[PDB]
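A short worksheet on the structure shown next.
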Amino acid sequence: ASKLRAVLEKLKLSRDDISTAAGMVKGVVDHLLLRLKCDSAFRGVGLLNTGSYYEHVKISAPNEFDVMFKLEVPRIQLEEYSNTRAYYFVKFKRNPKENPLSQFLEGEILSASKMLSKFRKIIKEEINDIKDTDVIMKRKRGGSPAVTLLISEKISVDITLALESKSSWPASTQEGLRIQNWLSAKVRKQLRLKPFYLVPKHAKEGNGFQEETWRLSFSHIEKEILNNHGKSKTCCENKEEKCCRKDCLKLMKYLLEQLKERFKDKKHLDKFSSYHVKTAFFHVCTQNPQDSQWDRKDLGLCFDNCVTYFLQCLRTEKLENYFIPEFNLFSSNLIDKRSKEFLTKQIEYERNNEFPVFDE
Ligand SMILES: Nc1ncnc2c1ncn2[C@@H]1O[C@H](COP(=O)(O)OP(=O)(O)OP(=O)(O)O)[C@@H](O)[C@H]1O
Ligand SMILES: Nc1ccc(-c2cc(Cl)c(Cl)c3[nH]c4c(c23)CN(C(=O)CO)CC4)cn1
Ligand SMILES: [Mg+2]
Ligand SMILES: [Mg+2]
Ligand SMILES: [Zn+2]
């Protein structure tokens, strides 16, 4: 309770850090957008800010930003890849007008690897010409859909090409976004009338990938739900309606980062990400729909509700994608049994002992 409040104070971002960091990102992102808008393929490219900074749940330091460079793609037709629910081939319908994206077609299929390789090539050419800002491209590992840049040896930015489709959401999402009892059926209907996005992350095929495939993304809806998160339309707009939803997500994020640090010696928790705690947090919001279940004075119990549900996901080896229910973030194809059992034991110990990982 009071220990958690002190943790949240420590996690607060400094306004001086926010300002200098955003300015460095803006300088790079703006320069990259200008160049890309000169290419015919990436002509109508547009900025879409996503991830924890723009959801206001980034913790500790503003040193990681996520942006999508969305491309409006009309007349788009999807073909699910091998029942994976999240990965798709992209096609166009009947060539009614000739395409800007025709150079990336492998037959009738729009190749994600071709589009991403050219996107990456342009950004690489551009970063070694920026206004005396030190910018370096990093390719981690894990098949990220992003081009990752390090600015001033300090600030990471993920730049993700994303196709924008204004069509109805794919059938695999029909039972997802279960917000009806929390944010209302009205809101769910309005949200599902919004575009969805496809990012160039490929389905796995042995040692390699299906290099034409794309993956569904609802990162923009995640931001909208986090920034408009109450049952009451005035949640967090006045002194009588201060909930602790965002504080709970922040604490979950910090719990995971701290444990990943304490297990750096064998990198046992390497496969776990903040997106796992984010997804579990959205499910707890569905389970606890009332703002009164997130009262600021109940921070300790609400965080406990969050921790217990995440443990249950670990122990049952099931964490459903909030938008695609049959996509299991915790399947053995993605995270091994040993890793999940390991994190369960640690979170179990931390909970039973009032989170010593949070002591100063
Ligand atoms: N496994 C995934 N499935 C679907 N979307 C993902 C996945 N991993 C990341 N994302 C999307 O990418 C965005 C940026 O991811 P990132 O790893 O930067 O985490 P984040 O939410 O920004 O939190 P933080 O950066 O503070 O760890 C996420 O908000 C999420 O929308
Ligand atoms: N700006 C954005 C937003 C959404 C996505 C993204 C989308 C989908 Cl669908 C999946 Cl499966 C994704 N996996 C990862 C990302 C991602 C992005 N990513 C990181 O941000 C690491 O910090 C790597 C891991 C990408 N960039
Ligand atoms: Mg991020
Ligand atoms: Mg990121
Ligand atoms: Zn609120």
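Below, all heavy atoms of this structure are taken into account, side chains as well, without hydrogens, waters or symmetry copies. We count residues from 1, following the sequence as given.
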Below 4.0 angstrom, N of the basic side chain to O of the carboxylate: do [X] and [Y] qualify?
X	Y	answer
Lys58	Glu64	no
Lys166	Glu164	yes
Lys114	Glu212	no
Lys242	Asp295	no
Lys3	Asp359	yes
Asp270	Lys260	no
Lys124	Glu126	no
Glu224	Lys194	yes
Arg338	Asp336	no
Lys345	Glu348	no

Query raised in the report: Does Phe327 have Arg215 sitting over its ring (NZ/CZ under 6.0 Å from centre, angle to axis within 45°)?
Result: yes
Neighbour count above 12 (heavy atom, 6.0 Å) for [X] [atom1]:
X	atom1	answer
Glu153	CD	no
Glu205	CD	yes
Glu354	CD	no
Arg35	CZ	yes
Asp16	CG	no

Show the nearest heavy-atom pair for residues [X] and [Y], with the distance to one decimal.
X	Y	result
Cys235	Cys243	SG-SG, 3.6 Å
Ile127	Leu32	CG2-CD2, 4.4 Å
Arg188	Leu177	NE-O, 2.9 Å
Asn181	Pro289	O-CB, 3.3 Å
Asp291	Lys231	OD1-N, 2.8 Å
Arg178	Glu175	NE-O, 3.1 Å

Any heavy-atom pair between the side chains of [Y] and [X] that's under 4.5 Å?
X	Y	answer
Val284	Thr308	no
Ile109	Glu79	no
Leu251	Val7	yes
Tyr309	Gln287	yes
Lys189	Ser184	no

If we ignore angles and hydrogens, is there a donor and acceptor under 3.5 Å between the side chains of [X] and [Y]?
X	Y	value
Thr286	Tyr322	yes
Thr148	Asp158	yes
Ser113	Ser111	yes
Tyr88	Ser172	yes
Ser232	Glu241	yes
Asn228	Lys223	no
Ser332	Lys337	no
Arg192	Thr173	yes

Quick check: does any side chain N or O of [X] sit under 3.5 Å from a backbone N or O of [Y], one acting as donor and the other as acceptor?
X	Y	value
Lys37	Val45	yes
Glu80	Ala86	no
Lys70	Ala162	no
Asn328	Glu317	yes
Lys10	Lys12	no

Report task. May I ask you to check whether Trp214 and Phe89 place their ring centers less than 6.0 Å from one another? Result ->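 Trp214 vs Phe89: aromatic centres not under 6.0 Å.
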**Report entry** ILVMFWY clustering at 4.5 Å (side-chain atoms), partners of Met68
**Finding:** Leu48, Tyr197
Given [options], the one that forms side chain to side chain contact (heavy atoms under 4.5 Å, CB included) with [X]:
X	options	result
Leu216	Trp169, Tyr87, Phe196	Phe196
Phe310	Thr344, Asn305, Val277	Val277
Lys253	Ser60, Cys248, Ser274	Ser274

Could you state the interatomic distance from [atom1] ([X]) to [atom2] ([Y]), rounded to the nearest 0.5 Å?
X	Y	atom1	atom2	answer
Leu314	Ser339	CG	OG	10.5 Å
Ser156	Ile136	OG	CD1	12.0 Å
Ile324	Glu320	CD1	CD	11.5 Å
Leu105	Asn99	CG	CG	6.5 Å

Requested in this report: Please check if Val199 and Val29 belong to a single hydrophobic cluster, counting links between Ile, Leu, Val, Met, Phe, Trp and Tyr side chain heavy atoms closer than 4.5 Å.
Outcome: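 Cluster IDs for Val199 and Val29 differ.
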